[PDB]
Amino acid sequence: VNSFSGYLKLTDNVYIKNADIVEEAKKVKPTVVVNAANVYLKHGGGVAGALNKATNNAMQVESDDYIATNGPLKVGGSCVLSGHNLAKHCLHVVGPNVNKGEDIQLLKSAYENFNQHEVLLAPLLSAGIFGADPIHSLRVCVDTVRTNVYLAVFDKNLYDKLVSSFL
Ligand SMILES: c1coc(CNc2ncnc3nc[nH]c23)c1
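Calculation rules
Residues numbered from 1 in each chain as written, not as in the entry; some residues may be left out. Heavy atoms only, no water. Residues with missing side-chain atoms left out of burial classes, pairs and counts. Buried < 20%, exposed > 50% of the residue type's maximum accessible area, 1.4 Å probe, protein only. Helix = DSSP H or I, 4+ residues; strand = E, 2+ residues; numbered from the N terminus. Salt bridge = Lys/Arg side-chain N within 4 Å of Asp/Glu carboxyl O. Axes fitted to C-alpha atoms, helices over the stretch in contact; angles between N-to-C directions. Parallel < 35°, antiparallel > 145°, perpendicular 65-115°, else oblique. Left-handed = near helix turned anticlockwise from the far one by under 90°. Contact = heavy atoms within 4.5 Å. Nonpolar A, V, L, I, M, F, W, Y, C, P; charged D, E, K, R; others polar.

Looking at the PDB entry, one finds the chain named Non-structural protein 3 and attributed to Severe acute respiratory syndrome coronavirus 2. Its PDB record names the entry "PanDDA analysis group deposition -- Crystal structure of SARS-CoV-2 NSP3 macrodomain in complex with ZINC000000001601".

Caption draft 1: Representation of helix α2 (residues 46-54) within the structure. Every buried residue belonging to α2 is among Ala48, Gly49, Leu51 and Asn52, and all of these are buried. Phi for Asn56, located one or two positions after α2, is positive at around 65 degrees.

Caption draft 2: Representation of the pattern of salt bridges in the model. All told, the structure shown has four salt bridges when counted by the stated rule. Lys26 is the partner of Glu23 in a salt bridge, and the nearest nitrogen-oxygen pair spans 3.0 Å. Highlighted residues: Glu23 and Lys26, both in helix α1 (residues 21-28), separated by three residues, approximately one helical turn. By relative accessible area, which is 42% here, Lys26 ends up partly exposed. One salt bridge in this structure joins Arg139 and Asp143, with 3.0 Å as the shortest N-O distance. Taken as a pair, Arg139 and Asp143 lie in helix α5 (residues 134-144) at a separation of four residues, close to a single helical turn. What makes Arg139 partly exposed here is its relative accessible area of 28%.

Caption draft 3: Region of interest: the packing of α5 against helix α6 (residues 156-164). α6 packs onto α5 with a crossing angle of 55 degrees between their chain directions and a minimal axis gap of 10 Å. On the basis of their axis angle, the class for α5 and α6 is oblique. Considering the relative orientation of α5 and α6, their crossing is right-handed. Contact with α5, carried on its side by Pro134, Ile135 and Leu138, involves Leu158, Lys161 and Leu162 of α6 and no other residues of that element. Class assignment of the residues belonging to the contact of α5 with α6 gives a composition of five nonpolar, no polar and one charged.

Take a look at the structure:
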């Protein structure tokens, strides 16, 4: 049993809810929240801008030190940093950005990072400001992630379309 409430069960391991990921993290304080990161960990907008704002910019300060030491992530890659006031850990995952011309085949590699964690609160990778089709992102998630993933989809309209169209 875990603390996640109000989710629709899609599969053995994948759950979904119309919820802003920021407010969900603050309520649950999950072990792992996933950020929709870019390779520079520049948390300007979308999910990343919203979680960084909720940490009062502490996520960005930690991220800048990480990049100064290690250099940029890979598209499809990840790193584990603090969850600050939102979670124990934040898993920063880089899905391909269609609005930068990145290979959508990298979306499966991105979701494979989730398998290193038993339970996660996450957004749909490459959705929102990253330009991919969220229906596709949900299909790759279900077909790639084997650990228990709780998805927070804020756009009520999109949530209803994801559920209605789910095979
Ligand atoms: C209300 C509208 O957006 C938010 C911040 N959370 C958020 N932003 C963007 N994409 C999201 N996906 C889940 N939660 C998200 C709150």
